[PDB]
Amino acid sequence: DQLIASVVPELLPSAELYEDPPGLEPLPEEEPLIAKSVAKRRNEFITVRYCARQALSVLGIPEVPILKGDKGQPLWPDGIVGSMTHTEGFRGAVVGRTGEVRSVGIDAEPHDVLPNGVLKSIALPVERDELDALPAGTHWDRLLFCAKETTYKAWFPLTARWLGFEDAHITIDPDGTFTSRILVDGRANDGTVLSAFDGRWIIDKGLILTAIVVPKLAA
């Protein structure tokens, strides 16, 4: 009953953990990336890459470092796309072949009200009214935050550009889907235009997991 696996296609292997297993190490090439980091950050960095290497192995890729670009993005092997996320009680990664999908993003958050002031900073005025109308029993504010994070993670590998909270309008459906409408220039690096993303969401184990897969276009 893994969360990521329940919201991405079977052809995108994923792996996740809810605690840091004892004894894990970064690969040698990864050590400089967390040398200056606090211990909590070291732990999540190491464990999420353990998960990513597990998923990569399913695609036939043996142990390899996963470094980071200047904008924080993970640097995947040739022919691979993927995404990672970590929060209190969750580390997760998903990967896929560029021959199968264009991009993927995921995000995890605890299923609770957003911290004070955060919803105001992330939500368009219309989004706030929309969330107020969704069915009781779900922290839709936190789900919106997650979906916004996921939208940027799926977007950046295809554009190499920023996407702020105000640059996409996210509509959440109670049925476990959402849509992200892009409000900025959507020209992508493959010549196409990105105007909207389709996403999926699940709440389980006290956590929200959101995911966007950007499909390949028809030939």
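Rigid core: the largest C-alpha set superposing within 1.5 Å between the two forms. Residue numbers run from 1 along the displayed sequence.
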Higher Cα RMS in 8 other deposited structures of this protein relative to the shown form (core alignment), 29-37 or 178-186, goes to 29-37
Ranked by mean Cα B-factor in the entry, 104-112 and 130-138, top stretch is 130-138
Entry B factor averaged over C-alpha atoms, 171-179 against 150-158: higher for 171-179
Temperature factor at the Cα of residue 186, chain-ranked in thirds, falls in the middle
The third of the chain into which the C-alpha temperature factor of residue 11 falls is the highest
Of the three thirds of Cα B-factor ranks in this chain, residue 69 occupies the lowest
Of the three thirds of Cα B-factor ranks in this chain, residue 17 occupies the highest
Residue 50: CA temperature factor from the record, placed by chain third, in the middle
